[PDB]
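Report on the following structure.
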Amino acid sequence: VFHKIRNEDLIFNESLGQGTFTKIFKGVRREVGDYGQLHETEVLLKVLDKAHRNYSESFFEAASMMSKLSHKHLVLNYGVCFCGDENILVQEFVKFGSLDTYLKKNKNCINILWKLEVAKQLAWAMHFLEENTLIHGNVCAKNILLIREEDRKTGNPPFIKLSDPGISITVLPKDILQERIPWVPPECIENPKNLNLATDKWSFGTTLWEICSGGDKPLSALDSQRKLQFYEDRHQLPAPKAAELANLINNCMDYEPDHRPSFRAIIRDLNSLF
Ligand SMILES: c1nc2c(NC3CCCCC3)nc(Nc3ccc(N4CCOCC4)cc3)nc2[nH]1
């Protein structure tokens, strides 16, 4: 499925931290491009240990399945290196990084119309996935990548992409799912087999809360035990600072999975906010 990239064409330059059972690097890929031109392309490299075989199989099946659905708001995966003791996803490098970090670094000096445009773009990406009956399963602001900043002179909005799904919550340890409250929905805390398209509607609500809160993490003051009580008592998140999206957040974060609205309906709701 994935184009094989040879270790000899990959240069690792900078460590960018960790994901869930991944190590992330900035690097360069040497390749033959359009018209035969030789390029040194900036890439994002995600390294999984082959020994974690269940995790690696989950991670790469998810990246493969989404890359079969080419879309302007979905990250470009170039290929994989079965680099011996490690399996490496080679991805496009996105200039401005993850959205939660971007919002923090700009001190939430971001107007509501910018947030609405990013929300709409994410909703259109999710509508495409819903129409394709593909579950992402880890929608969050860390997995929103900022390709382009707003340009006030041209009127161009920011432009985002949704990153790869990562290891499925159906195979992750339960302690990890609990830490991931309130992105993982209540039905998946009850049973990870309840993963469904409805899951992404809940997580989309949590992601909107992140966007409206300038990149704060909801329930960050709560440990895992208190995160369970949060769901037990069936609380909702507080209205974010930018409260314009509070109703849509609450409508998406519906404890009844079957009541969560379609992404088509979400897009219409976003459009109605003037
Ligand atoms: C697919 N996935 C990607 C990224 N994911 C992030 C990698 C770092 C940890 C959070 C997720 N970053 C990407 N690029 C970055 C660009 C600038 C970055 N810096 C912004 C300014 O502040 C320091 C980090 C970080 C990552 N590209 C990418 N393609």
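The basis for the numbers below is simple: all heavy atoms, side chains too, and nothing from hydrogens, waters or symmetry mates. Nothing fancy with the numbering, it's 1 onward along the sequence. Order of listing sets the numbers, starting from 1, for every ligand and every atom in it.
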message: For a side chain to side chain contact (heavy atoms under 4.5 Å, CB included) check, start with the C-alpha distance between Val139 and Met126, then their side-chain angles and the critical distance, and finish with the verdict.
response: CA-CA 9 Å; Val139 181; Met126 297 314 298; 3.8 Å; yes
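- Closest to atom 10 (C) of ligand 1 by heavy atom, among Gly19, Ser98, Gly97, is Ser98.
- Using a 4.5 Å cut-off between side-chain heavy atoms of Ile, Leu, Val, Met, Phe, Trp and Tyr, with links allowed through other members, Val75 and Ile147 fall into the same hydrophobic cluster.
- For atom 4 (C) of ligand 1, the closest heavy atom belonging to the protein is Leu145 CD2, 3.9 Å.
- Taking a cut-off of under 4.0 Å to the non-hydrogen atoms of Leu16, the atoms of ligand 1 that pass are 8 (C), 9 (C).
- Proximity of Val94 to ligand 1, defined as any heavy-atom pair under 4.0 Å, is shared by backbone and side chain alike.
- Taking a distance limit of 4.0 Å, we find that atom 24 (C) of ligand 1 is approached by no protein heavy atom.
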Check residues 10-23 and write down every donor-acceptor pair under 3.5 Å in which the side-chain atom is one partner and the other belongs to a residue at least two apart or another chain.
unit_1: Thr20; atom_1: OG1; unit_2: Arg180; atom_2: NH2; d: 2.8
unit_1: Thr22; atom_1: OG1; unit_2: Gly19; atom_2: N; d: 3.1

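- Which parts of ligand 1 touch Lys95 is read off a 4.0 Å heavy-atom cut-off, strictly below it: atoms 16 (C), 17 (C).
- A cation-pi geometry, defined here as NZ or CZ lying under 6.0 Å from the six-membered ring centre and within 45° of its normal, does not hold between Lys46 and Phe59.
- Summary of contacts: the protein heavy atom closest to atom 29 (N) of ligand 1 is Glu92 O, 2.7 Å.
- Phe2 and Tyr78 have their aromatic ring centers separated by at least 6.0 angstrom.
- Contact annotation for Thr101 and ligand 1: no heavy atom of the residue comes within less than 4.0 Å of the ligand.
- A salt bridge is defined here as a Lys NZ or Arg NE, NH1 or NH2 lying under 4.0 Å from an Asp or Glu carboxylate O, and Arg29 with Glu42 fails to meet this definition.
- Here is the list of ligand 1 atoms found below 4.0 Å of a heavy atom in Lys105: 22 (O).
- Residues meeting the ring pair (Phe, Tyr, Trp, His ring centres under 6.0 Å) test with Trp202, sequence neighbours left out: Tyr231, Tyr255.
- At the shortest separation from atom 20 (C) of ligand 1 among protein heavy atoms lies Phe96 O, 4.2 Å.
- For atom 6 (C) of ligand 1, no protein heavy-atom neighbour is present inside the 4.0 Å cut-off.
- Between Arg260 and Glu187 a salt bridge is recorded (basic side-chain N to carboxylate O distance below 4.0 Å).
- Distance from atom 28 (C) of ligand 1 to its nearest protein heavy atom, with residue and atom name: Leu44 CG, 3.5 Å.
- Within a 4.0 Å radius of atom 2 (N) of ligand 1, the protein contributes one or more non-hydrogen atoms.
- Side chains of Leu45 and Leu89 form no contact here, defined as non-hydrogen atoms less than 4.5 Å apart.
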